[PDB]
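# Observations on the three-dimensional arrangement
Each chain is listed here by its residues.
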Protein chains: 2
Amino acid sequence: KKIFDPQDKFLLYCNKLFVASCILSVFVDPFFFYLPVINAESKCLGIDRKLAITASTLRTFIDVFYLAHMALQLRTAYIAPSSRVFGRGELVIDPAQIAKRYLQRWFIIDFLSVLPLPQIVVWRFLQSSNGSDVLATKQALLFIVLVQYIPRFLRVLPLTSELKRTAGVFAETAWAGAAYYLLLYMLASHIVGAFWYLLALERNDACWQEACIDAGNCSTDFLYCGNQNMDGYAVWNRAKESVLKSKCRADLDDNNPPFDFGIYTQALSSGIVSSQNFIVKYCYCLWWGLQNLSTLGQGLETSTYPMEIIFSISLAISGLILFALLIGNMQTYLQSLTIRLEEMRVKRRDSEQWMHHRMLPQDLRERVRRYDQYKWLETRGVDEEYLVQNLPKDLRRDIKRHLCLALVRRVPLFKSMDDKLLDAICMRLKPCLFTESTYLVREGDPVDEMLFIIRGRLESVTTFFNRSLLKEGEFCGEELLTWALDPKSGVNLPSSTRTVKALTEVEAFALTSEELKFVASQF
Amino acid sequence: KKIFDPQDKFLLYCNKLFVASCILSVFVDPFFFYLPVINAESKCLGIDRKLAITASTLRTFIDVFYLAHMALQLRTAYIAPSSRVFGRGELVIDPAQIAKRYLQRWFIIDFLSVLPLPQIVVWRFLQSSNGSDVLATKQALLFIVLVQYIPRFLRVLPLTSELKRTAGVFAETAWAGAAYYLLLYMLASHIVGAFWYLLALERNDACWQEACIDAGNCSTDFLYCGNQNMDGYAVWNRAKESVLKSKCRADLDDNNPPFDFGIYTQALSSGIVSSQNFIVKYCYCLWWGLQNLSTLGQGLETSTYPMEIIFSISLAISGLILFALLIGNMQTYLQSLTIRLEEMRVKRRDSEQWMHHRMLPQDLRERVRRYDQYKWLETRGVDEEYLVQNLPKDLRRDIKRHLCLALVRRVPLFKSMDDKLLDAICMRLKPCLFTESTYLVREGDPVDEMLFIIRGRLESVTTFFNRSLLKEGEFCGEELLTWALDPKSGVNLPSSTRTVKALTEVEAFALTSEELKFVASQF
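### Things to note about the overall build of chain A
Scanning chain A from terminus to terminus reveals 24 helices and 12 strands. Counting only C-alpha atoms and orienting by the principal axes, one finds that chain A spans roughly 125 × 65 × 35 Å. Here chain A, with 523 residues, has 46% of them falling under the buried criterion. Just so you have it, chain A exposes about 27700 Å², and 58% of that area is on carbon and sulfur atoms. Across chain A, the 59 positively charged side chains and the 56 negatively charged ones have centroids separated by 4 Å.

Shown next as structure tokens:
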């Protein structure tokens, strides 16, 4: 039967063009809300038919593509806890109980999403020559899509809210944290503008259905398209555009209109509910969605109709959530971006506080500031030895042999020595930094590190006193070496013979005394 | 008398359905603000009576349920500091001074909340056949509820603002940090919309009380319901709906109305102040509350009346607070959610900075990136040994025996050994990771860790040279073992005999040299 193993590469693209199907499926459900239109020629309420076949086709052509996923987790293995395994889990390709492994918790949420519930509402309407069914199609689309939002957004939640916590294919920039919470706005605006469109047509249907009864010579079947060849429609036809105009007109300047449309008067006064261009209607509703989600409903002037008020409350709450999520994921990105700079500024404020508290002389305060600025310019806050010590030993040894082998193999006692032990010497070379006019050593002081110069120029006088220069590649500290390999010394740090002043800003690699005894005790 | 001990389970449900009573009590106090209505038939100001009995009943049926709490902390013990105790405190069930322990600080705030102050305002109004108390009921409800807000919100502050700092029953998701600061909006909107309703009726009362004096033939007693059978009401009845209409009409299009209602003209022009459906009135006021708290008063067009201006300032300030709290608790949740991913991205930016500063070759830069991505894929930022070392020793030993016992009991010198000492060997097994084509050891190098393979495949050649494979469950590093148990070696790390290349990505458990001498010195 070939029950699949869970880390197959075929179940890596069938979960790559699969979560894309779960993403594109919650964009198609709002397009069923643009199905009711108003035919302004006939003043009847109708259904867009080549948007009905379009949304039914594009939702079915995703859901039977989805039907090749519970027919493939059908062939699936899992991992179970055991101490027999040697490898963190058993794989079970036995088909007798993996069926229950799939169909005990994560089948019902995934089965209540491929159900063609908004496709059978469209079905018995478009297969008729009778206009009576415009009511039922508009009746059975708000709440079915509203309740199927929950299984369709719960089958994208583990693949988004935990693929943002531990992301898989992204590290480096802002193309999945800002460009995800900004397309979460564009999705929610797409859903909210479609609700606004559909509820605007329901309030216009309510107005027309109540203004037709007050006229008396009208049945509410006459307000729907396809009911023109009915008896009594001819006496209603000559009184349509006075009854529906004196009672159900929508203007944005009326403060006491005959019917209050509230937040839906912008939809009926602009005429997008009777728009023949779908680009105009979709763009106008999507922008209403984004404008009222971004500004949390502020400019909503609702009527005293409780479903409309509750729809406005939902917009305010959803916009509050969406805004808090966006600025919280932008602050989390920006704070992690400038973390070393803010650490440098905290460390810099601490040093000013400590030097003011201790009242250091200003020549000693300039030397502290100079070293801190130089260390920030070179390292940028990065602890290099902590980065190196967290690498594998082979990668450590290769990186350290790239950085420090030519420096150690210019010492004459180290170049002719070995390869075994100098590759243990250039694992303790740590980087030192020296600002200008820093005395690296002065005479009489114990030499406690050998320095192999990377960058910058130095100086050396001993006892106008036969000066000696030092530059990029040379070393300094050979008094420590001969002391350390000689066993006739003990722990006796030898005195310095030279005064070594940093002529420029210097980088070096330092080999301290106790790290030199360990490589001298390998004989 | 049975004075209770403070960690009884009976005083765990009598503080579980108790803080629910403290939560539901601050939702009932706004319902006293919807008591004044306008009877649009008679054009009189009245009181809703079956909302008066409803809010009085539902506040009393919470406060004498609350009266079984200071009758139970009456039977209460506490904990006092002493060094006699052995157990961090004395319990005092002596009833002579625990009364002062309750009634010295946290009795007055809890006693000034069960007081039926908004129930006695309702009392002498609904027990009469006279209309000349509608004034006093509306007079004594704004400031009494406004000043009893302070004890009723101070008896929910220690149980919310410190049960959010150290929560008791919640760990894992966003169902108490977003769904608490979003229902803090819905509470504040419930309070603010009720103030808006009540102050809207007070401004309409002010208009009517001043437009009745200007007519001259009217007493202000005539403006209240129940004063119809008074003398002179018949001459006022035929001039009501010209006097109160030319002077006290509310429209939203008038820019110079005869009376300025300001932020309260939306309440009187919509007609919710005379609404017979309480769902319409409550929803319309709650949405005004949420819309003006969410948008911080922006769309308020106040009059030049100072109490209304001060009510608007309070809305702007309260909305600023509520918004800062919501986005600050959402950023705190989201930042703690993606903490390991942001740590990985900081560590990844540091490595690029360091490899660019050191100018590593690109083959060495790919090996660093590959190991960091592999380590992030396996561990997800989790320091496993730090998690294990913070566990109890029995739980450590059981977890480590589950993870690492079958691996150690496949070594032939360890399987026949013991149980005592191999359970001390599999407490030092730490997890290693190897990317593909990583040389685990090469010949001539000192063997310094024994590796017990978890996952991935390996390779082994020695001196096309009789190759040897390694896969899930086998081990590698037996040259370290026989060296370490032999005492005829000293500290002499033996040379390698094989070249071991990771054929796949490998997990292992590593036993280093100095952790193997400690288990070899147990003989």
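### So, the packing of helix α20 (residues 393-408) of chain A against helix α18 (residues 362-379) of chain B
With their axes 11 Å apart at the nearest point, α20(A) and α18(B) run at an angle of 150° to one another. By the angle between their directions, the pair α20(A) and α18(B) is classed as roughly antiparallel. Read as a crossing pair, α20(A) and α18(B) show a hand that is left-handed. Taking contact as the criterion, the partners of A:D394, A:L395, A:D398, A:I399 and A:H402 in α20(A) are, on α18(B), B:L364, B:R367 and B:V368. Along the lines of polarity and charge, the residues of the contact of α20(A) with α18(B) split into four nonpolar, one polar and three charged.

### Considerations on the relation of the copies chain B and chain A
When chain B is fitted onto chain A, the two copies agree to an RMSD of 0.0 Å after a turn of 90° and an axial shift of 0.0 Å. Considering both components of the superposition, the chain copies are consistent with a four-fold axis. Comparing interface residues between copies, only 17% of those in chain B also lie at the interface in chain A; the contact surfaces differ.

### Quick notes on a nonpolar patch on the surface
On the surface, a cluster of nonpolar side chains totalling about 500 Å² of accessible area is made up of B:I309, B:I310, B:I313, B:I317, B:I321 and B:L325. In this structure, B:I321 sits in helix α16 (residues 306-337).

### Things to note about helix α20 (residues 393-408) of chain B
All names here are of chain B. Across its 16 residues, α20 extends only 20 Å between first and last C-alpha, which sits more than 12% below the 22 Å expected from 1.5 Å per residue. Where α20 bends most, at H402, the angle is about 45°. Considered for burial, the residues of α20 that qualify are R396, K400, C404, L405, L407 and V408. Buried positions along α20 lie against α19 (384-389), α21 (412-415), α22 (422-425), β7 (449-455) and β12 (506-512).

### With respect to the UniProt feature "transmembrane region" in chain A
Residues and elements named next belong to chain A. With numbering matched to this structure, UniProt assigns "transmembrane region" to residues 18-38, 52-72, 106-126, 140-160, 181-201 and 307-327. Its end C-alpha atoms 35 Å apart, residues 106-126 is made of 57% helix and 0% strand. The span residues 140-160 is 62% helical and 0% strand by assignment, and the distance between its end C-alpha atoms comes to 30 Å.

### Concerning the interface of chain B and chain A
Facing 66 residues of chain B, the contacting portion of chain A comprises 64 residues. For the pair chain B and chain A, the two sides together bury roughly 5900 Å², of which 64% comes from carbon and sulfur. Per-residue buried area on chain B facing chain A is highest for B:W287, B:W354 and B:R358; these three make up 12% of the total on that side. Along the contact surface separating chain B from chain A lie six salt bridges. With a shortest N-O distance of 3.5 Å, A:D394 and B:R367 are connected by a salt bridge. Remark: the boundary between chain B and chain A carries 17 residue pairs in polar contact. Here the residues of the side of chain B that touches chain A are counted per class, giving 36 nonpolar, 16 polar and 14 charged.

Rules and cut-offs
- Residues numbered from 1 in each chain as written, not as in the entry; some residues may be left out.
- Chains lettered and ligands numbered in written order.
- Part of a larger assembly, values for the part shown.
- Heavy atoms only, no water.
- Helix = DSSP H or I, 4+ residues; strand = E, 2+ residues; numbered from the N terminus.
- Buried < 20%, exposed > 50% of the residue type's maximum accessible area, 1.4 Å probe, protein only.
- Areas by Shrake-Rupley, 256 points an atom, 1.4 Å probe, with all protein chains shown as cover.
- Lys, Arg positive; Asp, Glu negative; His and termini not counted.
- Charge placed at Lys NZ, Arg CZ, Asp CG, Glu CD.
- Axes fitted to C-alpha atoms, helices over the stretch in contact; angles between N-to-C directions.
- Parallel < 35°, antiparallel > 145°, perpendicular 65-115°, else oblique.
- Left-handed = near helix turned anticlockwise from the far one by under 90°.
- Contact = heavy atoms within 4.5 Å.
- Nonpolar A, V, L, I, M, F, W, Y, C, P; charged D, E, K, R; others polar.
- Least-squares fit on C-alpha atoms.
- Patch = residues over 30% accessible without salt bridge, like charges linked within 9 Å, V, L, I, M, F, W, Y side chains within 5 Å.
- Salt bridge = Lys/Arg side-chain N within 4 Å of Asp/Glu carboxyl O.
- Expected span 1.5 Å × (residues − 1).
- Bend = angle between axes of the 7 residues up to and from the residue.
- UniProt positions renumbered as here; feature names shortened; annotations may be inferred.
- Buried area = accessible area lost by both parts, 1.4 Å probe.
- Polar contact = N/O pair within 3.5 Å; in protein donor to acceptor, adjacent residues only side chain to side chain.

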